[PDB]
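J.: Experimental structure and sequence below.
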Amino acid sequence: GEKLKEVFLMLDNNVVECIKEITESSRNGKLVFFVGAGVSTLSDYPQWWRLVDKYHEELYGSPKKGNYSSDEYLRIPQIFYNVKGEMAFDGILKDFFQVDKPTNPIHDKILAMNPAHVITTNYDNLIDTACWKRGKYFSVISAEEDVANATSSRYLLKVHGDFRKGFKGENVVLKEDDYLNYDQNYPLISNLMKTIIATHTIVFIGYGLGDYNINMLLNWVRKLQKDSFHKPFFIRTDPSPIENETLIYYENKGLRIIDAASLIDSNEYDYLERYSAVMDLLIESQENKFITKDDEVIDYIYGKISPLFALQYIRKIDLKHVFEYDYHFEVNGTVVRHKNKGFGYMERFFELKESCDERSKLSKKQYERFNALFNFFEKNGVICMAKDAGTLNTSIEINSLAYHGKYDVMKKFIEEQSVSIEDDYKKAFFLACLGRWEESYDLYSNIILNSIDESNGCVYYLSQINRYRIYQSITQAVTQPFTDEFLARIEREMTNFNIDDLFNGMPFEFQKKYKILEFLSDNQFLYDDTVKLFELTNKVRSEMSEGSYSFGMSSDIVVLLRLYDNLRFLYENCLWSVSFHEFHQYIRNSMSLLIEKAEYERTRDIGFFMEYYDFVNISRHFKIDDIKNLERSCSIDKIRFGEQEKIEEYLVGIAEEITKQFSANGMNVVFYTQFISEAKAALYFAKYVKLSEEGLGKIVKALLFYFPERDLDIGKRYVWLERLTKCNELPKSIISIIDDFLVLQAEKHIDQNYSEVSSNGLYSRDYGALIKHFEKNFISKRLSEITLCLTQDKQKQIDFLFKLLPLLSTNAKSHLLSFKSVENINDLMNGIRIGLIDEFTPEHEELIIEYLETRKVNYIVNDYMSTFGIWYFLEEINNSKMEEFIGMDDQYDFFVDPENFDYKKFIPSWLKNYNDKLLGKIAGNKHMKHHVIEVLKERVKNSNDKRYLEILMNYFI
Amino acid sequence: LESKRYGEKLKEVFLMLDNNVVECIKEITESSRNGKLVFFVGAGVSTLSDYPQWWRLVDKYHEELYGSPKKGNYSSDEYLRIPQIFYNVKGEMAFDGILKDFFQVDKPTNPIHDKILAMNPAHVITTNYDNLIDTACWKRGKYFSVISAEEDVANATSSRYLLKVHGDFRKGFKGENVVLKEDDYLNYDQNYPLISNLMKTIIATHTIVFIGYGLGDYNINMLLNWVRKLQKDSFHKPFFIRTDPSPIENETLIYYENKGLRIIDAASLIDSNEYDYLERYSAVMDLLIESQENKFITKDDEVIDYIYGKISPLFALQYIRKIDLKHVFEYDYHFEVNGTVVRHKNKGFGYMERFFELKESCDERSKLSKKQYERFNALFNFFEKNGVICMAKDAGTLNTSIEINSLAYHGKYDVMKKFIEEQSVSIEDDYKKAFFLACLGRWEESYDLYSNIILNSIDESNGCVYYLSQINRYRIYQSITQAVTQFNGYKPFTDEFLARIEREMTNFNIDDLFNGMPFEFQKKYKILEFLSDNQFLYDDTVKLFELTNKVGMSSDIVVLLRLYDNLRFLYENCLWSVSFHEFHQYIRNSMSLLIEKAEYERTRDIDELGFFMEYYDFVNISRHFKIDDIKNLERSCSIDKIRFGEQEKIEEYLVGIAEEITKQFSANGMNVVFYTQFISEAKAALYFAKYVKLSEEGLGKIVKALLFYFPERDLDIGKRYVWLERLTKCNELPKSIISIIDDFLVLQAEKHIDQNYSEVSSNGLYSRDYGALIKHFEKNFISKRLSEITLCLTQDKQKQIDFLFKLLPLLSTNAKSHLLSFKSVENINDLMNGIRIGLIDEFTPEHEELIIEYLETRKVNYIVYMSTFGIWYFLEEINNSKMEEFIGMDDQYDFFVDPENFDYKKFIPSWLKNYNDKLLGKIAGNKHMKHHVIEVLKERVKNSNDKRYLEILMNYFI
Amino acid sequence: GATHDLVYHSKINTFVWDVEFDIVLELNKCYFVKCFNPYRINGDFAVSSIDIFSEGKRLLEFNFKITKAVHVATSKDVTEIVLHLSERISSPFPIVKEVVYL
């Protein structure tokens, strides 16, 4: 090896580039060997001059010894065939050629090169015997009836016949007439031979530079053009070195001779180590020891990287596949060696990087190639090795208008003039991201029809995948916007288009130079990342259940800076493949693990600061029930949210997009359904940000007024307004907004049958409560004027302005209570919910007696019953009649009779639902304390909620 | 309308064919699927979208040469001599001018230059001079290497050819770029050497379809002379599609059929006018496009052959998953794992629905043919074996109880070693032997015999023995590599071995194993490609994530009967690819979800506040968990209230583990490659063994194969005490376990006869505890042998005296007299062994002062056994006022010596799972201990899944 | 400077971190492991049993003024931080080298 590395250094400049071409064609599959009869005469198989001597022996007698010339090799077997016959000819064949010689190792080294085809001029059966011992299947095409009867696309093309069907002289090409009548006896093997020759790279491995077969291939290749073809390579293994004139003569005649005696030094009768000398120096397709200079590592890296300048970002996790499996690139820019049994070409590249004294000694164009590669590796975030690197940086930048939700400029970028196909590829991704799928499918089809002239298999392929995923978005759309002409042609051309057959039907330039673009046509994209989340999900949850507060190094950097490379390959390369929900569960379990880790490692008596990118993912990929799962478990209010000028402009970006789209007419039903989920999940997680007065006042106004119904109910807005007004404080502008909302609701009740459909049972009354929760001395002027212009009729509006009764003036309450009084339960339970009854007159409790009597009519064959048992429990009700309704509610019977209630019928809940005077008079009891403490204990076990613990600490113990 | 008139009327045309047209539709479409369909597009499809025909030019070539146009309608080769005489008399600057006049036009393509492209052909060869094909190729987004001159063949960019075989006009309208003159047809095979060879190589390596010609047409005759110079059907016959007005004579349909063509006529299929070609070309090329429709199965003897086409290669496999069978058939019929087929898209014939009806009801079964009946018998056995029974409509009895019947799954070693030493009769026999050798750790004969398999599956035609032996050989290579990276880089393999396995497995890409195969292993075995990567458990894992969220009818059947199909494809097909740890986490999260579900749905009194655990529900916990994972299950969910069945099958499994420990560790049996695999299963299997009620021979052969034969460095002396405790808290010691543990302690007593034997142990548990357990179930036990050992005891051997003072209550009275004629109390360790075997009832005040000097040396610690002194001070054993001086040294000593000055946020979440009933109960009989320990118990009933803190806080505090 | 390996187990109030003490209880290379046995049958009243090593168990009188504490494989003695953590946390053996967690 090392002495052959000295032979590697001891070559002319043609042998080395021929090693490059032979091995790169062995990698491409464009290497065809043409195996001869100098490799099959080692493992000695009876040579032809031996038979012509015997053909001279039984024909004339007295063997010649006047050493055999040219075509006299072929006329002595011919004169014989015309004088003696064929039953003697085919008998001498059966004598000499019916042997079994075991193969030499140089019928195996040809096979160890992985050739595309193997053509041979050998009559024997030693190649396929050598092919049989490696487990390789070759379609042995040795007669003319085998060509379309061939089974595999790998050929063992025995071009001069064979002896597998009998030792007769009619199955092979031995006589002189069989060489003259060859192109009319053998029509298909000849064409298939000379089609391989002009569509591959041919290497001769068994011949001499006489050898009439080679001359038959050198006449035909001389009848061709100005290098239509590629020159065949001849590998000459002879004892004497070649004359220089016959190395120039055959080089223009078509061959390119690699001599084997001008590379080593040996004896006269040892062929096996000349064949081994070239075929141990050609096998090094793995070794590639050609980069021993500082101007050849820069060209190796300019070979495996420089096609990838059309992409705008490449993941590190994909870059350990770009280079074969050495150099696992960690996501912090630190390269670790993995196997690399050879040259540290990356390690050499960093040394001819930053230190400039090795950089000046480069060539001219090698310096420019170094500049482009330095910009490339600097851009993607690869900086150094892992040894001399302690400053590993952070803060990635997805800089794409589609990620930041900055619509606002996309609509401005689309209406500009297009100057490129990469420009139209961004416009088509923006149109697709804006819901305008018709111009997207049209313009993506314009991309796949305009990427035919240029040579770029990463615009075409990725526009294909995006067109297929927008097809799945149209299909998933219409199964729940577009004309019926559209749905026909998109369900006409996307039929039978297999996505898994998109990658393996491409030219070889898009097979290896862009090999990382195949995890995208399936969901093998997030595989490694997800299986490196499962272990970390173990690793940080096994140490939460034993209290192992690691004082050393946290592992959140592994999750948080490997998620961010997934969101950056898609949006920076403008890929529509974001409409799949395994990305969503990856982000939900990722960010959920990061929040539980950051909250667990906060109360630890012995980062994750939530910047801008830590909010877009929660907004776009969660649901409202998922955020509620986070708030039930881990208190996110003790997090210290930064970038509150960037999340604020994001949320007023959401607020202005609700504002613009829902003012007169702006809603596409394909963009509304995408966007309104982000506007919902984004505005529920908006309590954690400290907004301004213009920040809050433009979100609250774009939630109460412009956020459309059927997706946010009137009482469903109350939770959201409550959160956004428990973080901040109402600066006499939110009061003006909610006041203007209630005046708007009051004027919608001027007609009948308006009923304020609401799930929660929360209504405009609660908005009035909140106003008199921060602004105790508030008097609405407009509601006062509405109630002062009130008449005998319009019974709905009177009830609405009795629910909102504390927001009125004194003349308004006089004229207003000149119409209503207490006549039923609903006016009573609105009566003490706005405050205007202080003590019960005993007609109220008897009215409750008739109401619960109708509840007895229920039990014989909106529940207000527990609010009567608790009024009986807090000593408001003064009656001995109300204890008769036992066995009707478990929560009424919990309070009217707290010694006969069966306490395994006590619900795990009901304790998160009680105030401070009730929880505290439950605690001021005996059996309520005894059993409610047990309920609180077992449901502090089987829950992740922190509220039951607060009840049991602050009130019971 | 058009789909129900042209389509359904064409389905009447489908019924109205001879038997040759239909099989030609089958061959043309299956070659369009294979990629062996080559169209040879002509000049009858490019004269629609009218492009100036040649007889128009020869007429003009006759006009400026002679004058007075002929009208004596043009014959044969006179088409070619009038452009030739011109070229010899008028010149070439007039020839190439008439070409520039007529051929320089731009005619937009017809839809039948697009229907040829809608067939997805492998190659497109054409004899057209124009540029309408590639214009039609440009509007579909297809890239063809337009090879129109001889310098284009190796200068071609893609392997899809638009082979313009007669020249082109893209480089100028000259008569030298095309084949138009008569001399250009004579001098064609010497002016055009490479396009001709590449043409006639495609013809004899594909299926050729002619789509634009007539049965005159000298080009076709040039291809019919050459194909006549061939052999006895070396080649395949070209198909001619003839679209002419008149129907063909029967004699010219017989004549050209033996000359080499196979004519599909287009006027013997429809009925139309004289001058309408576009709907004859449409009539055959709308009837040929139906590669998706396959409306050929409208009989009850053709659905059985469709199913015998897509299933019958898969009889060499021994099991196929249902989840893979929805990929075997294209994406209709989602097979649910209970044998219930649901329709998914299936816009056509219910061939499975028809197959079940010609199944069980026999009155449709009798009317089959002879060989179709045998094909039905084989397919019935196949679908019956894998567990597919019916549809989802008329099926309420969906069955259960799968059967992984493989010797390697059940851990039945015992017969593998007997099966391997038999005589081999097949390659499927050697494939099982090689999987058994690989499963027995004998990896050298495995890699040798797998290499013998990949060298012996060259003669037969089976790409599922070869491919799977390849994957197994690669995963055993990763097992050798992962082995030696812990072993060397205890000599398992020689250095000759590690060289050749790191010589041939270099540069073998696993992802290039599948896409380098013949096309028979590309589609007929398409489900064998999720195995070369870890896309095997993808769908199952992403249908666990939702159920993990989600948890009448329970949903445990969805998890428990989809796991079991994963363990059955690998072991029944004898696959070594079980050495990866995503399978493990899938089983751990699966079985962990099933146990938490089955335990959660057990205390449910309905208004709130199966999984019977048979044999297969134990092998997976054993082989795939760890001991800390089982402890995570026992900390959260009480598995003791589960009602474990098959306790004659789990018992024979665990005594199978016990006998394999017994045999291998008796004199010499341990291969270091099989020991490391097996001893993890023997550990995780014997920790989960408390839940099974064993016999006396069942327990007595596990306890003996744990105390005696289970080797050290993997189970410590005090580490065995937990395991023996569990296995003797489930059962009761029937005076045979007592004999085992007694024989163990006599064995340990005789190992202390020499010095420096120290009983290395992590837990601090020792042989004393074994003595305690013996006098925990057998209060009146007297060991005879330990009595004799202590009676033959002398002044020396100080280790053995101490050992037989830790085991002091297991002695006789003469043994304790002669034994306590040597020892007394001189330090802390003899005192805290003194009251741990029971022989001190009350403290004499020299003991407490000895504790004073001990804790004084603890003061020597704090200047630059303690909690057991503070608790003895707390349970009113210590009578001293000196011991309260050591404050600020332990938080648990200061919890008991001073329970009003201890800062109770320094009170550990634990320490309450560690106290007895007299301590927990005198903690509870206090004021501030109750006040703060109840708060600790409350917050750690919140932030824990353990059920023990709740038991403390219920049973002692409230 | 070895705080990248310092782990704080909080159910026994210790600091699992591989050091090798040099003590006067005069000994060299002494490391401590600690157990967490929940229901140790008969084995006094405690949570945690120290199991002192000196390349093998020590077989206990109990002094160990630690004079030279040195971190394994990233040396240059860490005695200052060990006395600091001994100053804050008041338990037996605040630096423990392994925890069993029974």
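T.: Thanks, I have the structure now. Numbers count the residues shown, from 1 in each chain, chains lettered A, B, ... in the order given.
J.: dump the residue contacts of residue A:126.
T.: Neighbouring residues of residue A:126 by CB atoms under 8 Å, 6 or more residues apart in numbering or on different chains: A:40, A:43, A:45, A:101, A:103, A:107. Where C-beta positions appear, they are placed from N, C-alpha and C, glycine not excepted.
J.: Quick one: those residues as a markdown table, columns for neighbour count, secondary structure and distance to residue A:817 too.
T.: A markdown table is the format used below for the contacts of residue A:126 (neighbours: other CB atoms under 10 Å in any protein chain shown; DSSP: H, G, I helix; E, B strand; the rest coil; distance: CB to CB, whole Å):
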| residue | neighbour count | secondary structure | distance to residue A:817 |
| --- | --- | --- | --- |
| A:40 | 26 | coil | 118 |
| A:43 | 17 | coil | 119 |
| A:45 | 18 | coil | 122 |
| A:101 | 16 | coil | 121 |
| A:103 | 20 | coil | 113 |
| A:107 | 23 | coil | 112 |
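J.: So residue C:60: helix, strand or coil?
T.: The three-state label given to residue C:60 by DSSP: H, G, I helix; E, B strand; the rest coil is coil.
J.: for residue A:948, same thing?
T.: Secondary structure for residue A:948, judged by three-state DSSP, is helix.
J.: what's the spacing between it and residue A:916?
T.: Remark: distance between residue A:948 and residue A:916 (CB to CB, to the nearest Å) = 16 Å.
J.: So for those two, which sits in the more crowded spot?
T.: Remark: of residue A:948 and residue A:916, residue A:948 carries more neighbours, 23 against 9, as counted by other CB atoms under 10 Å in any protein chain shown.
J.: Surely that one touches residue A:942?
T.: No. Residue A:948 lies out of contact with residue A:942 (CB atoms under 8 Å); the separation is 10.1 Å.
J.: Tell me the residues of chain A that contact chain C?
T.: Where chain A comes near chain C, counting by CB under 8 Å from any CB of the partner chain, the residues are A:546-553, A:604, A:606.
J.: of all those residues, which comes closest to residue C:4?
T.: Residue C:4 lies nearest to residue A:552 out of the residues of chain A next to chain C, by CB to CB, at 4.3 Å.
J.: thought that closest one was touching residue C:3?
T.: Yes. With contacts counted by CB under 8 Å, residue A:552 reaches residue C:3, the gap being 6.2 Å.
J.: Next, the contact list for residue 30, please.
T.: Answering for chain A, as no chain was given. Contacts of residue A:30 by CB under 8 Å, 6+ apart are A:116, A:200-201.
J.: could you do chain C instead?
T.: Residue C:30 makes contacts with C:20-23, C:52-54, C:58, C:64, as judged by CB under 8 Å, 6+ apart.
J.: Quick one: buried ones out of the residues you listed?
T.: With burial judged by 16 or more other CB atoms under 10 Å in any protein chain shown, the buried subset of the contacts of residue C:30 is C:20-23, C:52-53, C:64.
J.: now, which of these lie within strands?
T.: residue C:20 (DSSP state E).
J.: burial count for residue A:943?
T.: Residues lying near residue A:943 (other CB under 10 Å) number 15.
J.: Please give me every residue in contact with it.
T.: The neighbourhood of residue A:943, defined by CB under 8 Å, 6+ apart, consists of residue A:908.
J.: ok, it to residue A:907 distance?
T.: Taken as CB to CB, the span from residue A:943 to residue A:907 is 13 Å.
J.: Out of the buried ones among the contacts of residue C:30, which comes closest to residue C:12?
T.: Ranked by distance to residue C:12 (CB to CB), the buried ones among the contacts of residue C:30 are led by residue C:52 at 15.8 Å.
J.: just to revisit the earlier point, could you pick out which of the buried ones among the contacts of residue C:30 are near chain B?
T.: Applying CB under 8 Å from any CB to the buried ones among the contacts of residue C:30, those adjacent to chain B are residue C:64.
J.: Adding distance to chain A, write the buried ones among the contacts of residue C:30 out as JSON lines.
T.: Formatted as JSON lines, the buried ones among the contacts of residue C:30 follow (distance: CB to the nearest CB, whole Å):
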{"residue": "C:20", "distance to chain A": "19"}
{"residue": "C:21", "distance to chain A": "20"}
{"residue": "C:22", "distance to chain A": "24"}
{"residue": "C:23", "distance to chain A": "24"}
{"residue": "C:52", "distance to chain A": "23"}
{"residue": "C:53", "distance to chain A": "22"}
{"residue": "C:64", "distance to chain A": "23"}
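J.: any idea which of the contacts of residue A:126 is closest to chain B?
T.: For the contacts of residue A:126, the residue nearest chain B by CB to the nearest CB is residue A:103; the value is 14.4 Å.
J.: ok, that closest one touching residue A:128?
T.: No. Using CB under 8 Å, residue A:103 is not in contact with residue A:128, being 10.0 Å away.
J.: And the nearest residue to residue C:27 once chain neighbours are set aside, how close does it get to chain A?
T.: Closest residue to residue C:27 apart from its sequence neighbours, by CB to CB, 6 or more residues apart in numbering or on different chains: residue C:54 at 5.5 Å. As for residue C:54, its distance to chain A is 27 Å (criterion: CB to the nearest CB, to the nearest Å).
J.: Chain B contacts on the stretch 601-750 of chain A?
T.: residue A:605.
J.: residue boundaries of the helices in the stretch 601-750 of chain A?
T.: A:613-621, A:624-633, A:646-661, A:669-684, A:693-697, A:701-704, A:717-727, A:734-746 (DSSP state H, counting those that start in this stretch).
J.: any chance of the buried ones among the contacts of residue C:30 in CSV, plus distance to residue C:7?
T.: Converted to CSV, these look like this (distance: CB to CB, whole Å):
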residue, distance to residue C:7
C:20, 17
C:21, 18
C:22, 23
C:23, 23
C:52, 20
C:53, 19
C:64, 22
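J.: Please list the members of the buried ones among the contacts of residue C:30 that lie in helices.
T.: Nothing among the buried ones among the contacts of residue C:30 maps onto helices, per DSSP state H.
J.: Identify the residues contacting residue 21.
T.: The chain I'm using is chain A. A:201, A:233.
J.: The chain in question should be chain C.
T.: C:29-32, C:64, C:66, C:68-69, C:95 are the contacts of residue C:21 under CB under 8 Å, 6+ apart.
J.: And those, which is closest to chain A?
T.: residue C:95 (12.7 Å).
J.: Excluding chain neighbours, what is closest to the closest one?
T.: Spatial nearest neighbour of residue C:95, excluding adjacent residues (CB to CB, 6+ apart): residue C:15 at 5.2 Å.
J.: and if you look at residue A:15?
T.: Counting by CB to CB, 6+ apart, residue A:258 is the residue found nearest to residue A:15 once chain neighbours are left out, at 6.0 Å.
J.: ok, now which ones touch the one you found?
T.: When the contact criterion is CB under 8 Å, 6+ apart, the partners of residue A:258 are A:15, A:18, A:233-236, A:278.
J.: Could you pull up the residues touching the residue of chain A found nearest chain C?
T.: Nearest to chain C in chain A, going by CB to the nearest CB, is residue A:547, at a distance of 3.6 Å. By CB under 8 Å, 6+ apart, the residues touching residue A:547 are B:909, C:9-11.
J.: Number of residues surrounding residue A:360?
T.: For residue A:360, the number of neighbouring residues by other CB under 10 Å comes to 7.
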